[PDB]
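Novice: Following this line is protein-v9.pdb, made up of PDB, C-alpha atoms and all ligand atoms:
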MODEL        1
ATOM      1  CA  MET A   1     -42.320-105.284  25.477  1.00  0.00           C
ATOM      2  CA  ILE A   2     -42.633-102.833  22.533  1.00  0.00           C
ATOM      3  CA  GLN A   3     -40.317-102.580  19.553  1.00  0.00           C
ATOM      4  CA  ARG A   4     -40.583 -99.837  16.947  1.00  0.00           C
ATOM      5  CA  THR A   5     -38.348 -99.118  14.001  1.00  0.00           C
ATOM      6  CA  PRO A   6     -36.893 -95.597  13.858  1.00  0.00           C
ATOM      7  CA  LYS A   7     -38.385 -93.139  11.457  1.00  0.00           C
ATOM      8  CA  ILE A   8     -35.339 -91.662   9.722  1.00  0.00           C
ATOM      9  CA  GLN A   9     -34.938 -88.200   8.196  1.00  0.00           C
ATOM     10  CA  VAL A  10     -31.769 -86.739   6.692  1.00  0.00           C
ATOM     11  CA  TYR A  11     -31.559 -83.025   6.144  1.00  0.00           C
ATOM     12  CA  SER A  12     -29.207 -80.071   6.289  1.00  0.00           C
ATOM     13  CA  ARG A  13     -29.476 -76.895   8.376  1.00  0.00           C
ATOM     14  CA  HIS A  14     -27.499 -73.629   8.601  1.00  0.00           C
ATOM     15  CA  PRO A  15     -27.459 -72.129  12.131  1.00  0.00           C
ATOM     16  CA  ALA A  16     -28.817 -68.623  11.753  1.00  0.00           C
ATOM     17  CA  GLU A  17     -26.090 -67.106  13.961  1.00  0.00           C
ATOM     18  CA  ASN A  18     -23.398 -68.567  11.609  1.00  0.00           C
ATOM     19  CA  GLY A  19     -25.129 -68.859   8.261  1.00  0.00           C
ATOM     20  CA  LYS A  20     -21.969 -69.958   6.426  1.00  0.00           C
ATOM     21  CA  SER A  21     -21.673 -73.229   8.319  1.00  0.00           C
ATOM     22  CA  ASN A  22     -23.806 -76.188   7.269  1.00  0.00           C
ATOM     23  CA  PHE A  23     -24.835 -79.251   9.266  1.00  0.00           C
ATOM     24  CA  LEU A  24     -25.786 -82.707   8.019  1.00  0.00           C
ATOM     25  CA  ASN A  25     -28.465 -84.168  10.268  1.00  0.00           C
ATOM     26  CA  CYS A  26     -29.744 -87.698  10.681  1.00  0.00           C
ATOM     27  CA  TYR A  27     -32.865 -87.750  12.863  1.00  0.00           C
ATOM     28  CA  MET A  28     -34.159 -91.076  14.165  1.00  0.00           C
ATOM     29  CA  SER A  29     -37.504 -90.858  15.918  1.00  0.00           C
ATOM     30  CA  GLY A  30     -39.964 -92.987  17.860  1.00  0.00           C
ATOM     31  CA  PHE A  31     -37.772 -96.083  18.196  1.00  0.00           C
ATOM     32  CA  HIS A  32     -37.529 -98.821  20.805  1.00  0.00           C
ATOM     33  CA  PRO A  33     -35.418-100.458  22.166  1.00  0.00           C
ATOM     34  CA  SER A  34     -32.945 -97.591  22.506  1.00  0.00           C
ATOM     35  CA  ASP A  35     -30.015 -99.707  21.329  1.00  0.00           C
ATOM     36  CA  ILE A  36     -29.030 -98.293  17.944  1.00  0.00           C
ATOM     37  CA  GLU A  37     -26.033 -97.740  15.624  1.00  0.00           C
ATOM     38  CA  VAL A  38     -25.826 -94.837  13.195  1.00  0.00           C
ATOM     39  CA  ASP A  39     -23.214 -93.424  10.875  1.00  0.00           C
ATOM     40  CA  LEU A  40     -23.217 -90.519   8.503  1.00  0.00           C
ATOM     41  CA  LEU A  41     -21.799 -91.494   5.097  1.00  0.00           C
ATOM     42  CA  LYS A  42     -20.036 -89.446   2.465  1.00  0.00           C
ATOM     43  CA  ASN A  43     -19.803 -91.343  -0.804  1.00  0.00           C
ATOM     44  CA  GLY A  44     -20.358 -94.633   1.004  1.00  0.00           C
ATOM     45  CA  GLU A  45     -17.636 -94.065   3.606  1.00  0.00           C
ATOM     46  CA  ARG A  46     -18.345 -93.512   7.293  1.00  0.00           C
ATOM     47  CA  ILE A  47     -17.741 -89.968   8.578  1.00  0.00           C
ATOM     48  CA  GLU A  48     -15.609 -90.561  11.667  1.00  0.00           C
ATOM     49  CA  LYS A  49     -15.988 -87.130  13.336  1.00  0.00           C
ATOM     50  CA  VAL A  50     -19.633 -86.511  14.203  1.00  0.00           C
ATOM     51  CA  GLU A  51     -19.620 -83.590  16.595  1.00  0.00           C
ATOM     52  CA  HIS A  52     -23.154 -83.948  18.000  1.00  0.00           C
ATOM     53  CA  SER A  53     -25.397 -86.781  19.261  1.00  0.00           C
ATOM     54  CA  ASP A  54     -28.561 -85.744  21.105  1.00  0.00           C
ATOM     55  CA  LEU A  55     -30.657 -88.569  22.611  1.00  0.00           C
ATOM     56  CA  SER A  56     -34.018 -88.124  24.309  1.00  0.00           C
ATOM     57  CA  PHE A  57     -37.249 -89.953  25.033  1.00  0.00           C
ATOM     58  CA  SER A  58     -40.875 -88.944  25.473  1.00  0.00           C
ATOM     59  CA  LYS A  59     -42.777 -91.962  26.731  1.00  0.00           C
ATOM     60  CA  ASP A  60     -40.384 -94.426  28.383  1.00  0.00           C
ATOM     61  CA  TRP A  61     -40.594 -96.547  25.185  1.00  0.00           C
ATOM     62  CA  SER A  62     -40.089 -93.835  22.519  1.00  0.00           C
ATOM     63  CA  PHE A  63     -36.546 -92.612  21.823  1.00  0.00           C
ATOM     64  CA  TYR A  64     -35.394 -89.733  19.593  1.00  0.00           C
ATOM     65  CA  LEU A  65     -31.831 -89.347  18.387  1.00  0.00           C
ATOM     66  CA  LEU A  66     -30.351 -86.432  16.461  1.00  0.00           C
ATOM     67  CA  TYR A  67     -26.933 -87.201  15.008  1.00  0.00           C
ATOM     68  CA  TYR A  68     -25.272 -84.393  13.123  1.00  0.00           C
ATOM     69  CA  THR A  69     -22.082 -82.654  12.195  1.00  0.00           C
ATOM     70  CA  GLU A  70     -20.731 -79.756  10.178  1.00  0.00           C
ATOM     71  CA  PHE A  71     -20.119 -80.495   6.527  1.00  0.00           C
ATOM     72  CA  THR A  72     -19.382 -78.743   3.251  1.00  0.00           C
ATOM     73  CA  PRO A  73     -21.271 -80.588   0.532  1.00  0.00           C
ATOM     74  CA  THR A  74     -20.367 -80.273  -3.107  1.00  0.00           C
ATOM     75  CA  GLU A  75     -22.916 -80.851  -5.834  1.00  0.00           C
ATOM     76  CA  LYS A  76     -21.233 -84.206  -6.645  1.00  0.00           C
ATOM     77  CA  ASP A  77     -20.739 -85.706  -3.147  1.00  0.00           C
ATOM     78  CA  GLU A  78     -23.404 -88.163  -1.962  1.00  0.00           C
ATOM     79  CA  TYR A  79     -24.366 -88.040   1.706  1.00  0.00           C
ATOM     80  CA  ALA A  80     -26.477 -90.477   3.682  1.00  0.00           C
ATOM     81  CA  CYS A  81     -26.960 -91.968   7.123  1.00  0.00           C
ATOM     82  CA  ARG A  82     -26.862 -95.676   7.870  1.00  0.00           C
ATOM     83  CA  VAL A  83     -28.907 -97.010  10.786  1.00  0.00           C
ATOM     84  CA  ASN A  84     -28.851-100.424  12.442  1.00  0.00           C
ATOM     85  CA  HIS A  85     -31.504-101.494  14.901  1.00  0.00           C
ATOM     86  CA  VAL A  86     -33.004-104.804  15.962  1.00  0.00           C
ATOM     87  CA  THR A  87     -36.130-104.033  13.924  1.00  0.00           C
ATOM     88  CA  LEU A  88     -34.007-103.759  10.756  1.00  0.00           C
ATOM     89  CA  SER A  89     -32.809-107.027   9.276  1.00  0.00           C
ATOM     90  CA  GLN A  90     -30.396-105.103   7.063  1.00  0.00           C
ATOM     91  CA  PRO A  91     -28.801-101.704   7.718  1.00  0.00           C
ATOM     92  CA  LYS A  92     -31.037 -98.915   6.447  1.00  0.00           C
ATOM     93  CA  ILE A  93     -29.312 -96.291   4.271  1.00  0.00           C
ATOM     94  CA  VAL A  94     -31.241 -93.041   3.803  1.00  0.00           C
ATOM     95  CA  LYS A  95     -29.779 -90.618   1.279  1.00  0.00           C
ATOM     96  CA  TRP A  96     -29.662 -86.897   1.859  1.00  0.00           C
ATOM     97  CA  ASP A  97     -32.177 -85.213  -0.415  1.00  0.00           C
ATOM     98  CA  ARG A  98     -30.732 -81.702  -0.619  1.00  0.00           C
ATOM     99  CA  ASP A  99     -34.120 -79.959  -0.753  1.00  0.00           C
ATOM    100  CA  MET A 100     -35.483 -82.222   2.032  1.00  0.00           C
TER     101      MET A 100
ATOM    102  CA  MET B   1     -40.856 -63.201  -2.784  1.00  0.00           C
ATOM    103  CA  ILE B   2     -42.083 -66.374  -0.994  1.00  0.00           C
ATOM    104  CA  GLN B   3     -44.174 -66.522   2.155  1.00  0.00           C
ATOM    105  CA  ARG B   4     -44.956 -69.756   3.974  1.00  0.00           C
ATOM    106  CA  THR B   5     -46.784 -70.283   7.226  1.00  0.00           C
ATOM    107  CA  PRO B   6     -44.873 -72.227   9.892  1.00  0.00           C
ATOM    108  CA  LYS B   7     -45.783 -75.811  10.492  1.00  0.00           C
ATOM    109  CA  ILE B   8     -46.093 -76.006  14.279  1.00  0.00           C
ATOM    110  CA  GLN B   9     -45.507 -79.005  16.545  1.00  0.00           C
ATOM    111  CA  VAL B  10     -45.616 -79.033  20.343  1.00  0.00           C
ATOM    112  CA  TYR B  11     -44.098 -81.935  22.187  1.00  0.00           C
ATOM    113  CA  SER B  12     -42.133 -82.867  25.278  1.00  0.00           C
ATOM    114  CA  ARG B  13     -38.739 -84.578  25.535  1.00  0.00           C
ATOM    115  CA  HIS B  14     -36.589 -85.910  28.404  1.00  0.00           C
ATOM    116  CA  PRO B  15     -32.825 -85.626  27.726  1.00  0.00           C
ATOM    117  CA  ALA B  16     -31.464 -89.132  28.105  1.00  0.00           C
ATOM    118  CA  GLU B  17     -28.474 -87.969  30.183  1.00  0.00           C
ATOM    119  CA  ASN B  18     -30.892 -86.379  32.741  1.00  0.00           C
ATOM    120  CA  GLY B  19     -34.076 -88.391  32.404  1.00  0.00           C
ATOM    121  CA  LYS B  20     -35.811 -86.624  35.307  1.00  0.00           C
ATOM    122  CA  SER B  21     -35.902 -83.257  33.568  1.00  0.00           C
ATOM    123  CA  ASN B  22     -38.604 -82.564  30.993  1.00  0.00           C
ATOM    124  CA  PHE B  23     -38.661 -80.010  28.183  1.00  0.00           C
ATOM    125  CA  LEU B  24     -41.645 -78.398  26.479  1.00  0.00           C
ATOM    126  CA  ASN B  25     -40.849 -77.820  22.818  1.00  0.00           C
ATOM    127  CA  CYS B  26     -42.515 -75.671  20.197  1.00  0.00           C
ATOM    128  CA  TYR B  27     -41.089 -76.413  16.744  1.00  0.00           C
ATOM    129  CA  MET B  28     -41.902 -74.074  13.863  1.00  0.00           C
ATOM    130  CA  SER B  29     -40.722 -75.307  10.487  1.00  0.00           C
ATOM    131  CA  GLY B  30     -40.508 -74.231   6.861  1.00  0.00           C
ATOM    132  CA  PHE B  31     -41.586 -70.613   7.361  1.00  0.00           C
ATOM    133  CA  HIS B  32     -40.801 -67.393   5.522  1.00  0.00           C
ATOM    134  CA  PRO B  33     -40.258 -64.512   6.150  1.00  0.00           C
ATOM    135  CA  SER B  34     -38.161 -65.237   9.237  1.00  0.00           C
ATOM    136  CA  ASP B  35     -39.906 -62.565  11.302  1.00  0.00           C
ATOM    137  CA  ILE B  36     -41.890 -64.448  13.938  1.00  0.00           C
ATOM    138  CA  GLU B  37     -43.184 -64.203  17.535  1.00  0.00           C
ATOM    139  CA  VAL B  38     -43.675 -67.239  19.751  1.00  0.00           C
ATOM    140  CA  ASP B  39     -44.565 -67.844  23.363  1.00  0.00           C
ATOM    141  CA  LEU B  40     -45.033 -70.970  25.381  1.00  0.00           C
ATOM    142  CA  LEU B  41     -48.238 -70.833  27.446  1.00  0.00           C
ATOM    143  CA  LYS B  42     -49.160 -72.486  30.710  1.00  0.00           C
ATOM    144  CA  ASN B  43     -52.880 -72.225  31.364  1.00  0.00           C
ATOM    145  CA  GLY B  44     -53.158 -69.324  28.932  1.00  0.00           C
ATOM    146  CA  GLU B  45     -50.336 -67.294  30.487  1.00  0.00           C
ATOM    147  CA  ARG B  46     -47.029 -66.630  28.747  1.00  0.00           C
ATOM    148  CA  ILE B  47     -44.009 -68.475  30.179  1.00  0.00           C
ATOM    149  CA  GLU B  48     -41.460 -65.688  30.599  1.00  0.00           C
ATOM    150  CA  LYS B  49     -38.297 -67.814  31.017  1.00  0.00           C
ATOM    151  CA  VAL B  50     -37.689 -69.856  27.874  1.00  0.00           C
ATOM    152  CA  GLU B  51     -34.137 -71.107  28.155  1.00  0.00           C
ATOM    153  CA  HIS B  52     -33.576 -72.142  24.521  1.00  0.00           C
ATOM    154  CA  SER B  53     -34.280 -70.690  21.050  1.00  0.00           C
ATOM    155  CA  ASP B  54     -32.570 -72.410  18.116  1.00  0.00           C
ATOM    156  CA  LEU B  55     -33.046 -70.790  14.682  1.00  0.00           C
ATOM    157  CA  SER B  56     -31.795 -72.223  11.403  1.00  0.00           C
ATOM    158  CA  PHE B  57     -32.543 -72.259   7.695  1.00  0.00           C
ATOM    159  CA  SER B  58     -32.086 -74.753   4.879  1.00  0.00           C
ATOM    160  CA  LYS B  59     -32.848 -72.984   1.624  1.00  0.00           C
ATOM    161  CA  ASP B  60     -32.461 -69.217   2.055  1.00  0.00           C
ATOM    162  CA  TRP B  61     -36.294 -68.991   2.223  1.00  0.00           C
ATOM    163  CA  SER B  62     -37.049 -71.820   4.702  1.00  0.00           C
ATOM    164  CA  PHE B  63     -36.557 -71.153   8.422  1.00  0.00           C
ATOM    165  CA  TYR B  64     -36.778 -73.595  11.350  1.00  0.00           C
ATOM    166  CA  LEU B  65     -37.153 -72.487  14.946  1.00  0.00           C
ATOM    167  CA  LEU B  66     -37.060 -74.664  18.052  1.00  0.00           C
ATOM    168  CA  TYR B  67     -38.268 -72.860  21.162  1.00  0.00           C
ATOM    169  CA  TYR B  68     -38.173 -74.844  24.363  1.00  0.00           C
ATOM    170  CA  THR B  69     -37.649 -74.843  28.076  1.00  0.00           C
ATOM    171  CA  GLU B  70     -37.656 -77.111  31.100  1.00  0.00           C
ATOM    172  CA  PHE B  71     -41.043 -77.672  32.671  1.00  0.00           C
ATOM    173  CA  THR B  72     -42.788 -79.897  35.191  1.00  0.00           C
ATOM    174  CA  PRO B  73     -46.278 -80.572  33.878  1.00  0.00           C
ATOM    175  CA  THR B  74     -49.064 -81.770  36.106  1.00  0.00           C
ATOM    176  CA  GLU B  75     -51.975 -83.751  34.740  1.00  0.00           C
ATOM    177  CA  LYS B  76     -54.217 -80.657  35.131  1.00  0.00           C
ATOM    178  CA  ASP B  77     -52.001 -77.888  33.664  1.00  0.00           C
ATOM    179  CA  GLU B  78     -52.623 -76.971  30.016  1.00  0.00           C
ATOM    180  CA  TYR B  79     -49.590 -76.123  27.900  1.00  0.00           C
ATOM    181  CA  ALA B  80     -49.467 -74.619  24.433  1.00  0.00           C
ATOM    182  CA  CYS B  81     -47.415 -72.392  22.169  1.00  0.00           C
ATOM    183  CA  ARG B  82     -48.725 -69.253  20.513  1.00  0.00           C
ATOM    184  CA  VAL B  83     -47.223 -68.173  17.190  1.00  0.00           C
ATOM    185  CA  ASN B  84     -47.619 -64.918  15.279  1.00  0.00           C
ATOM    186  CA  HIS B  85     -46.438 -64.538  11.718  1.00  0.00           C
ATOM    187  CA  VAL B  86     -47.470 -62.415   8.757  1.00  0.00           C
ATOM    188  CA  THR B  87     -49.163 -65.444   7.183  1.00  0.00           C
ATOM    189  CA  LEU B  88     -51.424 -65.784  10.247  1.00  0.00           C
ATOM    190  CA  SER B  89     -54.243 -63.274  10.513  1.00  0.00           C
ATOM    191  CA  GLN B  90     -54.797 -64.328  14.118  1.00  0.00           C
ATOM    192  CA  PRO B  91     -52.261 -65.791  16.560  1.00  0.00           C
ATOM    193  CA  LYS B  92     -52.138 -69.570  16.247  1.00  0.00           C
ATOM    194  CA  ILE B  93     -52.378 -71.498  19.537  1.00  0.00           C
ATOM    195  CA  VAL B  94     -51.297 -75.145  19.368  1.00  0.00           C
ATOM    196  CA  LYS B  95     -51.968 -77.198  22.486  1.00  0.00           C
ATOM    197  CA  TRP B  96     -49.508 -79.710  23.838  1.00  0.00           C
ATOM    198  CA  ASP B  97     -50.844 -83.199  23.225  1.00  0.00           C
ATOM    199  CA  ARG B  98     -48.991 -85.164  25.901  1.00  0.00           C
ATOM    200  CA  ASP B  99     -48.603 -88.314  23.787  1.00  0.00           C
ATOM    201  CA  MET B 100     -47.616 -86.227  20.719  1.00  0.00           C
TER     202      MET B 100
HETATM  203 CA    CA C 201     -35.868 -81.562  15.636  1.00  0.00          CA
HETATM  204 MG    MG C 202     -30.572-104.995  12.508  1.00  0.00          MG
HETATM  205 MG    MG C 203     -50.179 -62.353  12.004  1.00  0.00          MG
ENDMDL
END
What is this file in structure tokens?
Specialist:
Amino acid sequence: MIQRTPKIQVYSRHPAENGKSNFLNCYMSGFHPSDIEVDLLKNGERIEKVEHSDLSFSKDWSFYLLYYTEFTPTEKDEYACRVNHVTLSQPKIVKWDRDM
Amino acid sequence: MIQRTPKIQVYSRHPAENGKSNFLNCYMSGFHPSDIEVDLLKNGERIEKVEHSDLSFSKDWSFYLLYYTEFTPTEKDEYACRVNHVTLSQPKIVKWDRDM
């Protein structure tokens, strides 16, 4: 059996075909087992509509999960993504660093 | 003006909803200007059908490009992706490392 904590990255992207729209991304990579929970947070509150969840694996024991949704951040809203996994005794909250 | 060479990563992923299919990915990140050329290679030859090309930007001067397509690699085929950019005097060829 192998267990590996997700590496977590939080970043925004504008699709080039629709540069006005903006997407908050939480990327979890290299984790096992594949059981996971993830929420995007806006000022500590769960964002209930998350349009996109893309799960994949490379080796049979390495999962990758992209969880993202359109947002419109203001300079005073705090965004983050909260991840639970068996390798994490407490939920892990990673803040969006605007730059990256 | 800012110019930045792409960081290039080549990796495979299986979508979890269709675990049998396999995708070769070439990910170029953080580059500027956005003008770029990229091919996936199989034993040195360009792969002409590349189903997916996802371009985005974060800051106005930082582009991200995911270029990928379904493949069926054998243990003796060599895969790579070849990138041209103004910051690269010669085309850059990054080989697929199966593991990653
Ligand atoms: Ca990615
Ligand atoms: Mg836990
Ligand atoms: Mg060049």
Novice: Once chain A has been least-squares superposed onto chain B, matching all their Cα atoms in order, can you return it as an mmCIF file with C-alpha atoms, keeping the file's coordinate frame?
Specialist:
data_model
loop_
_atom_site.group_PDB
_atom_site.id
_atom_site.type_symbol
_atom_site.label_atom_id
_atom_site.label_comp_id
_atom_site.auth_asym_id
_atom_site.auth_seq_id
_atom_site.Cartn_x
_atom_site.Cartn_y
_atom_site.Cartn_z
ATOM 1 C CA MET A 1 -40.856 -63.201 -2.784
ATOM 2 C CA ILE A 2 -42.083 -66.374 -0.994
ATOM 3 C CA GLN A 3 -44.174 -66.521 2.155
ATOM 4 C CA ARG A 4 -44.956 -69.756 3.975
ATOM 5 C CA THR A 5 -46.783 -70.284 7.227
ATOM 6 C CA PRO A 6 -44.873 -72.227 9.893
ATOM 7 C CA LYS A 7 -45.783 -75.811 10.493
ATOM 8 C CA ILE A 8 -46.093 -76.006 14.279
ATOM 9 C CA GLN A 9 -45.507 -79.005 16.545
ATOM 10 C CA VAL A 10 -45.616 -79.032 20.343
ATOM 11 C CA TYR A 11 -44.097 -81.936 22.187
ATOM 12 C CA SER A 12 -42.133 -82.867 25.278
ATOM 13 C CA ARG A 13 -38.739 -84.578 25.534
ATOM 14 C CA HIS A 14 -36.589 -85.910 28.403
ATOM 15 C CA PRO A 15 -32.824 -85.627 27.726
ATOM 16 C CA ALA A 16 -31.464 -89.132 28.105
ATOM 17 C CA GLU A 17 -28.474 -87.969 30.184
ATOM 18 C CA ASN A 18 -30.892 -86.380 32.741
ATOM 19 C CA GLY A 19 -34.075 -88.391 32.405
ATOM 20 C CA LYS A 20 -35.811 -86.624 35.308
ATOM 21 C CA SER A 21 -35.902 -83.257 33.568
ATOM 22 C CA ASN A 22 -38.604 -82.564 30.993
ATOM 23 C CA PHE A 23 -38.661 -80.010 28.182
ATOM 24 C CA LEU A 24 -41.645 -78.399 26.479
ATOM 25 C CA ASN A 25 -40.849 -77.820 22.818
ATOM 26 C CA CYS A 26 -42.515 -75.671 20.197
ATOM 27 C CA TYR A 27 -41.089 -76.413 16.745
ATOM 28 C CA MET A 28 -41.901 -74.074 13.863
ATOM 29 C CA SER A 29 -40.721 -75.307 10.487
ATOM 30 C CA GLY A 30 -40.508 -74.231 6.861
ATOM 31 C CA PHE A 31 -41.586 -70.613 7.360
ATOM 32 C CA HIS A 32 -40.801 -67.393 5.522
ATOM 33 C CA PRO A 33 -40.258 -64.512 6.150
ATOM 34 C CA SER A 34 -38.161 -65.237 9.237
ATOM 35 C CA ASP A 35 -39.906 -62.566 11.302
ATOM 36 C CA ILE A 36 -41.890 -64.448 13.938
ATOM 37 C CA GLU A 37 -43.184 -64.203 17.535
ATOM 38 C CA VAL A 38 -43.676 -67.239 19.750
ATOM 39 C CA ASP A 39 -44.565 -67.845 23.362
ATOM 40 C CA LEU A 40 -45.033 -70.970 25.381
ATOM 41 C CA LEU A 41 -48.238 -70.833 27.447
ATOM 42 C CA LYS A 42 -49.160 -72.487 30.710
ATOM 43 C CA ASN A 43 -52.881 -72.224 31.364
ATOM 44 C CA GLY A 44 -53.158 -69.324 28.932
ATOM 45 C CA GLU A 45 -50.336 -67.294 30.486
ATOM 46 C CA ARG A 46 -47.029 -66.629 28.747
ATOM 47 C CA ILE A 47 -44.009 -68.475 30.179
ATOM 48 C CA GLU A 48 -41.460 -65.688 30.599
ATOM 49 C CA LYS A 49 -38.297 -67.814 31.017
ATOM 50 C CA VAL A 50 -37.688 -69.856 27.874
ATOM 51 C CA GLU A 51 -34.137 -71.107 28.154
ATOM 52 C CA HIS A 52 -33.576 -72.142 24.521
ATOM 53 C CA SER A 53 -34.280 -70.690 21.050
ATOM 54 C CA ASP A 54 -32.570 -72.409 18.116
ATOM 55 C CA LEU A 55 -33.046 -70.789 14.682
ATOM 56 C CA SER A 56 -31.794 -72.223 11.402
ATOM 57 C CA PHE A 57 -32.543 -72.259 7.695
ATOM 58 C CA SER A 58 -32.086 -74.754 4.879
ATOM 59 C CA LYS A 59 -32.848 -72.984 1.624
ATOM 60 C CA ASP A 60 -32.461 -69.217 2.056
ATOM 61 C CA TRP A 61 -36.294 -68.991 2.223
ATOM 62 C CA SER A 62 -37.049 -71.820 4.701
ATOM 63 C CA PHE A 63 -36.557 -71.152 8.422
ATOM 64 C CA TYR A 64 -36.778 -73.595 11.350
ATOM 65 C CA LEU A 65 -37.154 -72.487 14.946
ATOM 66 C CA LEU A 66 -37.060 -74.664 18.052
ATOM 67 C CA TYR A 67 -38.268 -72.859 21.162
ATOM 68 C CA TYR A 68 -38.174 -74.845 24.363
ATOM 69 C CA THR A 69 -37.649 -74.843 28.076
ATOM 70 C CA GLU A 70 -37.656 -77.111 31.100
ATOM 71 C CA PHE A 71 -41.043 -77.672 32.671
ATOM 72 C CA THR A 72 -42.788 -79.897 35.192
ATOM 73 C CA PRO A 73 -46.278 -80.573 33.878
ATOM 74 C CA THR A 74 -49.064 -81.770 36.106
ATOM 75 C CA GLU A 75 -51.975 -83.751 34.739
ATOM 76 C CA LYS A 76 -54.216 -80.658 35.131
ATOM 77 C CA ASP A 77 -52.001 -77.888 33.664
ATOM 78 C CA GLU A 78 -52.623 -76.971 30.015
ATOM 79 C CA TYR A 79 -49.589 -76.123 27.900
ATOM 80 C CA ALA A 80 -49.467 -74.619 24.433
ATOM 81 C CA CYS A 81 -47.415 -72.392 22.169
ATOM 82 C CA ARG A 82 -48.725 -69.252 20.513
ATOM 83 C CA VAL A 83 -47.224 -68.173 17.190
ATOM 84 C CA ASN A 84 -47.619 -64.918 15.279
ATOM 85 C CA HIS A 85 -46.438 -64.538 11.717
ATOM 86 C CA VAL A 86 -47.470 -62.415 8.757
ATOM 87 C CA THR A 87 -49.162 -65.444 7.183
ATOM 88 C CA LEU A 88 -51.424 -65.783 10.247
ATOM 89 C CA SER A 89 -54.242 -63.274 10.512
ATOM 90 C CA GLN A 90 -54.797 -64.327 14.119
ATOM 91 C CA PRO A 91 -52.262 -65.791 16.560
ATOM 92 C CA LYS A 92 -52.138 -69.570 16.247
ATOM 93 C CA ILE A 93 -52.378 -71.497 19.537
ATOM 94 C CA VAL A 94 -51.298 -75.145 19.368
ATOM 95 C CA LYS A 95 -51.968 -77.197 22.486
ATOM 96 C CA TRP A 96 -49.508 -79.711 23.838
ATOM 97 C CA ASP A 97 -50.844 -83.199 23.225
ATOM 98 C CA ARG A 98 -48.991 -85.165 25.901
ATOM 99 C CA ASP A 99 -48.602 -88.313 23.787
ATOM 100 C CA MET A 100 -47.616 -86.227 20.719
#
Novice: Taking all atoms listed in the file into account, produce a table as a tab-separated table in which each residue of chain A with an atom at most 7 Å from an atom of ligand MG 202 (chain C) appears once, together with its shortest atom pair and the distance in Å to one decimal, ordered by chain and rising number.
Specialist:
residue	atom	partner	partner_atom	distance
A:84	CA	C:MG202	MG	4.9
A:85	CA	C:MG202	MG	4.3
A:86	CA	C:MG202	MG	4.2
A:87	CA	C:MG202	MG	5.8
A:88	CA	C:MG202	MG	4.0
A:89	CA	C:MG202	MG	4.4
A:90	CA	C:MG202	MG	5.4
A:91	CA	C:MG202	MG	6.1
Novice: For chain B, list the residues within 8 Å of chain A, counting all atoms listed in the file, and write the list as a list in words.
Specialist: residues 12, 13, 14, 15, 16, 17, 54, 55, 56, 57, 58, 59 and 99 of chain B
Novice: Excluding residue 78 of chain A and any residue of its chain fewer than 2 positions from it, enumerate the residues within 7 Å of it, using only C-alpha atoms, and give them as an MDAnalysis selection string.
Specialist: chainID A and resid 42:43 76 80
Novice: Export C-alpha atoms of the chosen residues as a PDB file, in the coordinates of the input?
Specialist:
ATOM      1  CA  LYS A  42     -20.036 -89.446   2.465  1.00  0.00           C
ATOM      2  CA  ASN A  43     -19.803 -91.343  -0.804  1.00  0.00           C
ATOM      3  CA  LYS A  76     -21.233 -84.206  -6.645  1.00  0.00           C
ATOM      4  CA  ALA A  80     -26.477 -90.477   3.682  1.00  0.00           C
TER       5      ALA A  80
END
Novice: List as a PDB file with C-alpha atoms, in the coordinates of the input the protein and nucleic acid residues lying within 8 Å of ligand CA 201 (chain C), with all atoms listed in the file counted.
Specialist:
ATOM      1  CA  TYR A  27     -32.865 -87.750  12.863  1.00  0.00           C
ATOM      2  CA  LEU A  66     -30.351 -86.432  16.461  1.00  0.00           C
TER       3      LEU A  66
ATOM      4  CA  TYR B  27     -41.089 -76.413  16.744  1.00  0.00           C
ATOM      5  CA  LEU B  66     -37.060 -74.664  18.052  1.00  0.00           C
TER       6      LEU B  66
END
Novice: Separation of atom CA of residue 67 of chain B and atom CA of residue 10 of chain A, in Å?
Specialist: 21.1 Å
Novice: My list of candidates is B:24, B:50, B:8, B:36. Which is closest to ligand MG 203 (chain C) when distances are computed with all atoms listed in the file?
Specialist: B:36
Novice: Could you spell out the hits of the PyMOL selection byres (((chain B and resi 44) around 12) and not hetatm) on the shown file, as a list in words?
Specialist: residues 39, 40, 41, 42, 43, 45, 46, 47, 77, 78, 79, 80, 81, 82, 93, 94 and 95 of chain B
Novice: Counting only C-alpha atoms, note down every residue that has an atom within 8 Å of the point (-41.0, -71.2, 2.5) (file coordinates), as a list in words.
Specialist: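 Answer for this query, in the requested form: residues 2, 3, 4, 5, 30, 31, 32, 33, 61, 62 and 63 of chain B.
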Novice: One number please: atom CA of residue 9 of chain A to atom CA of residue 69 of chain B, in Å, one decimal.
Specialist: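 Straight-line distance from atom CA of residue 9 of chain A to atom CA of residue 69 of chain B works out to 24.1 Å.
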Novice: Can you measure atom CA of residue 20 of chain B to atom CA of residue 83 of chain A for me? One decimal in Å is fine.
Specialist: 27.5 Å
Novice: Can you work out which one of B:37, B:26, B:75, B:49 has the shortest atom-to-atom distance to ligand MG 203 (chain C), counting all atoms listed in the file?
Specialist: B:37
Novice: Find, counting only C-alpha atoms and all ligand atoms, the residue in B:96, B:74, B:25, B:38 that gets nearest to ligand MG 203 (chain C).
Specialist: B:38
Novice: Smallest atom-to-atom distance to ligand MG 203 (chain C): which of B:73, B:1, B:35, B:68, using all atoms listed in the file?
Specialist: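 Checking each of B:73, B:1, B:35, B:68 against ligand MG 203 (chain C), counting all atoms listed in the file, the winner is B:35.
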Novice: From the set B:70, B:6, B:92, B:97, which residue has the shortest atom-to-atom contact distance to residue 34 of chain B, counting all atoms listed in the file?
Specialist: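 Among B:70, B:6, B:92, B:97, it is B:6 that comes nearest to residue 34 of chain B.
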Novice: Write out as lines of an AutoDock Vina configuration file an axis-aligned box for segment 42-56 of chain A: all of its atoms listed in the file, 6 Å added on each side, centre and edge lengths in Å with one decimal.
Specialist:
center_x = -24.8
center_y = -89.1
center_z = 11.8
size_x = 30.4
size_y = 23.0
size_z = 37.1
